[PDB]
Amino acid sequence: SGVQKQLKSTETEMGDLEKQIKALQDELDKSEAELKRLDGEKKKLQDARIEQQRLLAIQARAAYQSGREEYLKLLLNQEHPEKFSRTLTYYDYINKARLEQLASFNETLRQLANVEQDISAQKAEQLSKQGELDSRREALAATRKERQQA
Amino acid sequence: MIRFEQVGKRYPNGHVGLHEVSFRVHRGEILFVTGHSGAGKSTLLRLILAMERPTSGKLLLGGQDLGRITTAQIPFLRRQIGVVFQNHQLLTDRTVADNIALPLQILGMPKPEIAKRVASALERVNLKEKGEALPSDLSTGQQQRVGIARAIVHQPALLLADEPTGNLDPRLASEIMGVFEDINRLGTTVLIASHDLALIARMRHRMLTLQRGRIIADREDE
Amino acid sequence: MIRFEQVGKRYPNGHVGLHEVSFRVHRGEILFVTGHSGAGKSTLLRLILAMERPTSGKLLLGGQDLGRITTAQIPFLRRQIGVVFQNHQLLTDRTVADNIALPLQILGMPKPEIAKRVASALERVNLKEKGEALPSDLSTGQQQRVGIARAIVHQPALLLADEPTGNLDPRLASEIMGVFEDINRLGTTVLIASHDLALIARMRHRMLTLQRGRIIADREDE
Amino acid sequence: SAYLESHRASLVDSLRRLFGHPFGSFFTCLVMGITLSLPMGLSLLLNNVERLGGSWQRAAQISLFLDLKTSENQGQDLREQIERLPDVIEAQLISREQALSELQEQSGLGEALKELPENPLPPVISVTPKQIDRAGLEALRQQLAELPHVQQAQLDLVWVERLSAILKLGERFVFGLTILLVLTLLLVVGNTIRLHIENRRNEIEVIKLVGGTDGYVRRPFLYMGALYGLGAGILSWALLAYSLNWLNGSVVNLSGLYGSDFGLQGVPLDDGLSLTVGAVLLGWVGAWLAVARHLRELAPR
Amino acid sequence: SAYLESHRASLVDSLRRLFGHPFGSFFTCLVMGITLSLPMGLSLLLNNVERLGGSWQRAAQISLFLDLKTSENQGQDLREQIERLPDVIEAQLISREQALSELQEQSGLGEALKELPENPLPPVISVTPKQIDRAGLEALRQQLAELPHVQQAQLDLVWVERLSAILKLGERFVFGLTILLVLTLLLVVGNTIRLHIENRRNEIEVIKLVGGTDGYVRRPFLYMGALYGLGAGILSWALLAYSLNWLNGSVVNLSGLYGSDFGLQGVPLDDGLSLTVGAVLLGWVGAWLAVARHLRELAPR
């Protein structure tokens, strides 16, 4: 019974290990799904901060387009030059408010730096788990050999 | 009441002038002063009218010190002395009727009788029928008669003259002499001056002679 | 050598002064016309000097028709006809010595000649002193004397006078008559005129009569 | 008393002399009228321009931007407190919704807060002073900087200083021109009256030689001066109106282009009465000076 | 011959008459001078403004807002291409870096471009034409619209007009003021000489009653007019030279506040000489008309 029972016990142990091996492929699939979930989040986050340059360029062009006016052609044209000086500080406030918006984008960039350093850590964990699957692959090769004795 | 007490006047730059001339009080009678008129004797006549204040001495004609006279009260004095000068001047471009009888308007009388008064005054002088012609284009001698009559229209208490009939027709001089005598009849002090010896020898004068600015001597009824 | 040929001038509104008068005057004689200044004598006197043109008739003075004479030719004529009017007109604020030498200054002549001519005229008019005196501030008659002299300084071919005498001492008028006759002797026509009948018989002269703007006839030494 | 005859004679003589040789009087009246019309015209133009004085001021207003969190009632309270300042003309309070539209209109960018959660534009107010200068405005800004709820005060100092110079230049020009014109008018009137008075001297000499008085020799000249003054006033008052009417043809076009009616109305009856009275008084004073000079020259000394 | 003697006599007589009465015949000499300051003035002021020709121009500038991406040498080429094309004066190009510096000079719109990668600000060109009119400048803008590397033209048509209207009002005002001043100057100069001449209507009569050439009665009056003219010219020169120095104490400040150095220059010596000759010529004209009235009513009639 040495050929039959000893091989059957080894095959049963291999199957018991293969159960946890299937479980670890399942958790690997979950980890990969959340990995692409985070990757898409980072890509959509990097889609932002481009509207930053767009809006900043629009405001800069507008400011230059109306920021060159001799004040003697403002009072004489009923433009009521009480303005064009408030709206200069209005532009200062909107530039500091867009600097607060850009500080939200700095939160974006710092969160991206953190969610890049730690995500590189989960790529290190990904290499480690690829290594541990590399350890968990000789089971099938063994089962191939002890299948014949069964 | 013409009174002089050692009066003396000197031009600041013209010449030396008159010195220490005096008279006495009088009223309503002829009194020549002319004497010798080699130099300009109009200085005394000008001095009477308060036109020029004396340089030295004191005088008074109505109890008033002419040395201390104010311009405010000067024209209240010159209003009752009919005066005729030599180089007489008249208001040109004004009718002769209005030119004469001028002091009456200053004195102040109703208009209607001024016409008859001036008519009588001009009738006293030989001139007539020329009561509307202008002083210009009027013959000389007649206009000086108008100047003479300017000082006779009203009734003055004193009359003055410089040189009547100096070179006029002697026949015509009798009329103005009679006019002066007639105005003397009502009582008018006369200080007529002239330079013709033959005439001044008459009319019962009281003349005095002045030369070199000072009284020379007394010529009482020569 | 003036010639009158039916000359009579009519005022636009006032009255008639002259009416078709005519007479002839030679060169070397003196003519003494009588009349009345208010009757047109003064107008006739003004008529020669071309100050107003006659309304009707023709006029000759030296061969020229005064009816049509250019305004640029009158000064070339009036500078050789001395004239003295009844009333004197003198330049105020100009000294007598300068004021008496207008015709010579107009003619153009060196100053020393002017000075000696004026000096010579003064003894003819019998004025020695007050040569630099003002025309004003002077006795009457002296202005009339300098008015006479203004027509004597030069040598006019014809001179016109209006009543130079008649209101002065006749012995004074003797000098004026003498100087007029003297300037007549040199060869100057004289047209002295007056309305005094006494002077008619004093000297021999071809007189003429005028009344109411009309002439009657001409009589020699009336 | 019965001295009204003096006034009657003086007035009839003055009228008779003035109506003789009309051209000589007319030219003098016209010269005096023009010379008087000049400064009066300048003053009238200045008064008419003064009607729009609100545009020159209110150009450099100090902004007092508040904090981001502010109660509306607190806003009206601060508005009222700022209004209590003696050195302020007017106060206002712009709102965030109004400020957004104001920025959109001038900027031309249109949509502004594309991906911005909340509006950061804070409520703003405006303050306007009486006068514009580099020192008083700085002092008032320093005074306003310590209000209970204030954080900034955006005054453009480079511009406010230019405004002071560009307004002070006009003042000196008007001052000098007015002085020059008044001097010219006085000299012209004085010299013309002096010449006419100097024309008559023999009358004064004879009147003073005979018993007279100052009034009886001074009255006719006073009447003549008054008549010349009245003539000059009437002539001047009938020419300035035509000049203003002619000039009004151009200003209405510019006023319409700005979109308003600013017709140059001129010569109210009160101003004409003042003008003629002034001319009469000036002539009357000139005559009394000219007569007094000659009368003093004949002092007895 | 005798011409020189009479001429010298007339000159000496005129000098004696002029200097014979100090404190008189000087108010005349001053009133005839100050009234010459007004019309001769405002001509130097107009000349000085006309010298400053850069303010009437360069006030309505078409902004050729060039494309965002264009090589600098190509922009320069377009610069001389516009320069050679007519209806312009000067064309200049502004670099992107200079544009950023100008935008950064203001307190606002700063401290944020450093985060922005590159300059989005495109180069600009300024063009200054000669004529200021709606139709001509509209045609100019339309012609400049079709260029290979232009994005848009920036100018306010309401401001293109409404500026040709403010100039017209100034032109009409200046024209009217000049006419009004010239008339019063001529009238005063004529009237004063007429009044002086009329006081001597006795010398002419006596000179003409005796034989007298026509020029002999006119010469001294001509000299009297010329001397007064010369004196008035001198006084006017002095008064202008002082008044302009007074005025120049403020305009230089305003010119220095902006980036420039412009100042009112004093009366030029050539202009001063031309002023003192233009016042003498009123004499020999005013006198030649004042004496022509007495000389025609004393003619035969």
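Residues numbered from 1 in each chain as written, not as in the entry; some residues may be left out. Chains lettered and ligands numbered in written order. Heavy atoms only, no water. Residues with missing side-chain atoms left out of burial classes, pairs and counts.

## Examining the overall build of chain D
Looking only at helices and strands, one finds 11 helices and 3 strands in chain D. Listing the helices and strands of chain D from first to last along the sequence gives α-α-α-β-α-β-α-β-α-α-α-α-α-α. In summary, chain D has a C-alpha radius of gyration of 32 Å against a globular reference of 19 Å for 301 residues, an excess of more than 25%. Along the first, second and third principal axes, the C-alpha atoms of chain D reach 105 × 45 × 35 Å. Put simply, 82% of the contacts in chain D that link residues at least 6 apart link residues at least 24 apart. (Helix = DSSP H or I, 4+ residues; strand = E, 2+ residues; numbered from the N terminus. Rg over C-alpha atoms; globule rule 2.2 N^0.38 Å. Contact = heavy atoms within 4.5 Å.)

## A word on the overall build of chain B
The secondary structure content of chain B amounts to 7 helices and 8 strands. Over its C-alpha atoms chain B spans a radius of gyration of 18 Å, differing by no more than 12% from the 17 Å that the globule rule assigns to 222 residues. Once the C-alpha set of chain B is aligned to its principal axes, its extents read approximately 50 × 45 × 35 Å.

## With respect to the relation of the copies chain B and chain C
Superposing chain B onto chain C requires a rotation of 180° together with a translation of 0.0 Å along the rotation axis, leaving an RMSD of 1.2 Å. The transformation just described matches what one would write down for a two-fold rotation axis. Of the residues that chain B buries at the interface, 89% are likewise interface residues in chain C, meaning the two copies contact each other through the same surface. (Least-squares fit on C-alpha atoms.)

## Side note on the arrangement of the chains
The highest contact count of any of the 6 pairs of chains in contact belongs to chains D and E. These two, chain A and chain B, are apart from each other, with no contact and a minimum C-alpha gap of 67 Å. If you take every C-alpha in chain A and every C-alpha in chain C, the smallest gap between them is 68 Å, and the two do not touch.

## A look at the packing of aromatic side chains
All names here are of chain E. As enumerated under the stated definition, the model contains 9 aromatic pairs over all chains in all. Between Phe26 and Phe27 the ring centres are 6.2 Å apart and the planes differ by 45°, which places this aromatic pair in the tilted class. Between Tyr242 and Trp246 the ring centres are 6.2 Å apart and the planes differ by 75°, which places this aromatic pair in the edge-to-face class. Of this pair, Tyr242 and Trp246 both sit in helix α10 (residues 214-257), 4 residues apart, which is roughly one turn of the helix. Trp246 sits in the partly exposed class, given a relative accessible area of 43%. (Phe/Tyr/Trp six-rings, centres within 6.5 Å; stacked < 30°, edge-to-face > 60°. Buried < 20%, exposed > 50% of the residue type's maximum accessible area, 1.4 Å probe, protein only.)

## Examining the domain arrangement of chain D
According to the domain assignment, chain D contains domain 1 (4-55 + 165-297) and domain 2 (61-155). One C-alpha centre belongs to domain 1 of chain D, the other to domain 2 of chain D; they are set 53 Å apart. (Domains from an automatic or database assignment.)

## Thoughts on the UniProt feature "transmembrane region" (unreviewed entry) in chain D
Residue and element names in this part refer to chain D. UniProt annotation of "transmembrane region" (unreviewed entry) refers to residues 173-193, 221-244 and 272-291 when read in the numbering used here. Along residues 173-193 the backbone is 100% helical and 0% strand, and the end-to-end C-alpha distance reaches 31 Å. End-to-end, the C-alpha atoms of residues 272-291 are 29 Å apart, and along that stretch the chain is 100% helix and 0% strand. (UniProt positions renumbered as here; feature names shortened; annotations may be inferred.)

## As for the environment of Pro12 of chain C
The residue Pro12 of chain C is located in the loop between β1 (3-8) and β2 (31-33) in this model. The spacing of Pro12 of chain C and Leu158 of chain C is 146 residues in sequence and 31 Å in space, taken between C-alpha atoms.

## Examining the environment of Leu167 of chain D
Mapped onto the secondary structure, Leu167 of chain D falls in helix α7 (residues 157-199). The sequence separation of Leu167 of chain D and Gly266 of chain D amounts to 99 residues, and the corresponding C-alpha distance is 26 Å.

## A closer look at the interface of chain E and chain D
Contacts between chain E and chain D engage 35 residues on the former and 36 residues on the latter. Put simply, the parts of the chain that give the side of chain E that touches chain D at least two residues each are α2 (27-40), α8 (164-198) and α10 of chain E. When the residues that make up the side of chain E that touches chain D are grouped by side-chain class, the tally is 23 nonpolar, 6 polar and 6 charged. (Nonpolar A, V, L, I, M, F, W, Y, C, P; charged D, E, K, R; others polar.)

## A word on the sheet that holds strand β3 (residues 124-129) of chain D
All names here are of chain D. Across the sheet, which stays open at both edges, the 3 strands sit in the order β1-β3-β2 with antiparallel pairing between neighbours. Looking at strand neighbours, the two that pair on one side only are β1 (62-63) and β2 (88-94), the edges of this open sheet. This element, helix α4 (residues 72-83), spans β2 and β3 of the sheet and lies at about 170° to β2. (Pairing = 2+ DSSP bridges. Axes fitted to C-alpha atoms, helices over the stretch in contact; angles between N-to-C directions.)

## Details of the pattern of salt bridges
Residues and elements named next belong to chain A. The tally for this structure, following the rule as stated, stands at 8 salt bridges over all chains. The salt bridge involving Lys123 is made with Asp39; its shortest N-O contact spans 3.7 Å. With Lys123 in helix α4 (residues 86-135) and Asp39 in helix α1 (residues 4-47), this pair connects stretches of sequence that are 84 residues apart. Accessibility expressed as a relative area gives 33% for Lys123, which makes it partly exposed. (Salt bridge = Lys/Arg side-chain N within 4 Å of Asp/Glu carboxyl O.)

## With respect to the sheet that holds strand β3 (residues 56-60) of chain B
Residues and elements named next belong to chain B. Here 3 strands make up an open sheet; going across it, the order is β2-β1-β3 and the pairing antiparallel. Whereas interior strands pair on both sides, the edge strands pair on one side only; in this sheet they are β2 (18-21) and β3. Here the average twist between neighbouring strands, direction ignored, is 25°. Sheet analysis places strand β1 (residues 3-9) next to β3, joined by 4 bridges and oriented antiparallel. Residue pairing across strands places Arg3 opposite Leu60, the latter belonging to β3.

## A closer look at a nonpolar patch on the surface
A contiguous nonpolar patch, built from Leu72 of chain A, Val49, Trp56, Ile166 and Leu167 of chain D together with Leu257 and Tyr258 of chain E and spanning about 570 Å² of accessible area, is present on the exposed surface. Looking at where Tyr258 of chain E falls in the secondary structure, it is placed in the loop between α10 and α11 (269-278). (Patch = residues over 30% accessible without salt bridge, like charges linked within 9 Å, V, L, I, M, F, W, Y side chains within 5 Å. Areas by Shrake-Rupley, 256 points an atom, 1.4 Å probe, with all protein chains shown as cover.)

## With respect to unusual backbone geometry
Located in the positive-phi region is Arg204 of chain B, a residue other than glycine, with phi close to 55°. Along the polypeptide, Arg204 of chain B turns up in the loop between α7 (197-200) and β7 (208-211). A positive phi is found at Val267 of chain D, a non-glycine position, where the angle reads about 35°. If you trace the backbone, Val267 of chain D turns up in the loop between α10 (240-258) and α11 (269-297). We classify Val267 of chain D as partly exposed; its relative accessible area is 25%.

## Notes on the pairing of strand β6 (residues 189-193) of chain C
In summary, the side chains of a regular strand alternate between the two faces of the sheet. Residues and elements named next belong to chain C. Judged by how many residues are buried, β6 sits mostly within the fold: 5 of 5 residues are covered. Of the two faces of β6, the one holding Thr189, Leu191 and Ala193 and the one holding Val190 and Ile192 are both buried throughout. Where strand β5 (residues 158-162) lies against β6, 5 bridges are found, and the strand directions are parallel. Bridging from a neighbouring strand, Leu159 pairs with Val190 of β6. Note that the unit made of β5, helix α7 (residues 170-185) and β6 has a crossover that is right-handed. (Right-handed = clockwise from strand over helix to strand, strands pointing away.)

## Considering the interface of chain B and chain C
Across the boundary between the two partners, chain B contributes 9 residues, which contact 11 residues of chain C. The three residues of chain B that bury the most area against chain C are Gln86, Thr140 and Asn167 of chain B, which together make up 48% of that side's buried surface. Where chain B packs against chain C, one counts 0 salt bridges. One can count 2 residue pairs in polar contact joining chain B with chain C. (Buried area = accessible area lost by both parts, 1.4 Å probe. Polar contact = N/O pair within 3.5 Å; in protein donor to acceptor, adjacent residues only side chain to side chain.)

## Some remarks on the packing of α10 of chain E against helix α12 (residues 286-297) of chain E
Between two packed helices, the angle of one axis relative to the other and the distance separating the axes together describe the packing. Residue and element names in this part refer to chain E. At a minimum axis distance of 9 Å, the contact between α10 and α12 shows a crossing angle of 140°. Taken together, α10 and α12 sit at an angle that is classed as oblique. Judged by the twist between their axes, the crossing of α10 over α12 is right-handed. Contacts between α10 and α12 pair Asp214, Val217, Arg218, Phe221 and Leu222 from the former with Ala287, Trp288, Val291 and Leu295 from the latter. Of the residues assigned to the contact of α10 with α12, the class counts are 7 nonpolar, no polar and 2 charged. (Parallel < 35°, antiparallel > 145°, perpendicular 65-115°, else oblique. Left-handed = near helix turned anticlockwise from the far one by under 90°.)

## Focus on the nonpolar core
The biggest cluster of nonpolar side chains holds 27 residues, and the ones touching the most others in it are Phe32, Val153 and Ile192 of chain B. Only α4 (111-124), α5 (142-150) and α6 (170-185) of chain B provide two or more residues apiece to this core. Sorting elements by how many residues they give to this core places α4 of chain B first, with 4 residues. Leaving out residues up to four positions away in the same chain, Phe32 of chain B has contacts with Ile192, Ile200, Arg202, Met203, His205, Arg206, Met207 and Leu208 of chain B. Counting 26 residues, the second-largest nonpolar core is a separate cluster that includes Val25, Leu31, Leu49 and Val83 of chain C. (Core = buried A, V, L, I, M, F, W, Y, C linked by side-chain atoms within 4.5 Å.)

## Overview of the packing of α8 of chain E against α12 of chain E
All names here are of chain E. For the pair α8 and α12, the least separation of the axes is 9 Å and the interaxial angle reads 45°. Classed by the angle they form, the pair α8 and α12 counts as oblique. The two elements α8 and α12 cross, and the hand of that crossing is right-handed. Here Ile193, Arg194, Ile197 and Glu198 of α8 come into contact with α12, specifically with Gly286, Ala287, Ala290 and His294. Across the contact of α8 with α12, the residue classes tally to 4 nonpolar, 2 polar and 2 charged.

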